[PDB]
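Mind the numbering: the sequence shown is residues 1007 to 1173 in this note's numbering, read in order.
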Amino acid sequence: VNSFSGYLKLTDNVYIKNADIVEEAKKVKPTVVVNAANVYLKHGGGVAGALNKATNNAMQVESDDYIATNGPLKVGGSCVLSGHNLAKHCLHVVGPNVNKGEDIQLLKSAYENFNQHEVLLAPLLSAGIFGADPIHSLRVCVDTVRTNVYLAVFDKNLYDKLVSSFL
């Protein structure tokens, strides 16, 4: 039993809710919240900008030190950093950004990072300002992640479309 509430069960291990991931993280304080990161960990907008804003920019400060030490992530890769006031840990995962021309096949590699964590609160990777089809992202999630994932979808209209079209 865990503390996640109000989710629709899609499969054995994937759950979904119309929710603001920031507000959901603040209430649940999950072990892991996933950020929709870019390779530079520049948290300017989308989910990343919202998560970082909720940390009062502490996520960005920590991220800048990470990049200065380690260099950029790979598209499809990830790193574990602090969850600050939102979670124990933040798993920064880089899905391909279609608006930069990155290969969508890398979306499966991106979701594979979730399998290193037993339970996660996450957005749909490569959705929103990353330009991929969220219906496709949900399909890849279900077909790739084997650990327990709680997906937060900000847009109510999109949430209803994802549920109604789910196979």
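Using N, Cα and C, we set each Cβ at its ideal position, and we do this for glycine too.
Do residue j and residue i have their beta-carbon atoms positioned less than 8 Å apart in this structure?
i	j	result
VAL1038	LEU1097	yes
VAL1053	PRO1129	yes
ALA1093	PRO1036	yes
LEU1131	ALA1042	yes
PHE1010	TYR1117	no
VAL1007	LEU1127	no
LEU1168	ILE1141	yes
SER1143	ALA1158	no
Would you mind sorting residue i into buried or exposed? The rule is 16 or more other CB atoms within 10 Å of its CB.
i	result
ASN1044	buried
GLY1089	buried
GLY1082	buried
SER1171	exposed
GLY1012	exposed
residue 967	Summary: the structure shown does not reach residue 967, with the chain confined to residues 1007 through 1173, and so no result is reported for it.
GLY1077	exposed
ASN1091	exposed
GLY1101	buried
Using three-state DSSP, classify residue i as helix, strand or coil.
i	result
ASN1019	coil
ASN1024	strand
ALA1042	strand
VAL1034	helix
Does any residue of chain D bring its CB to less than 8 Å from the CB of residue i?
i	result
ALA1031	The structure shown contains no chain D, having only a single protein chain.
Does the contact criterion of 3 or more C-beta pairs under 8 Å hold for the region 1050-1066 versus the region 1112-1123? no
The region 1008-1019 touching the region 1148-1158, judged by at least three CB pairs closer than 8 Å: yes
Quick check: the region 1153-1169 against the region 1024-1032, are there 3 or more CB pairs under 8 Å? yes
Return the chain-ordered ranges of every beta strand (DSSP E) run that is complete within the region 1049-1119 and spans a minimum of 3 residues. 1084-1088 and 1095-1099
Give a yes or no on contact between the region 1130-1141 and the region 1099-1117, applying the rule of three or more CB pairs nearer than 8 Å. yes
If we require 3 or more residues per run, which beta strand (DSSP E) segments fall completely within the region 1135-1169? 1154-1159
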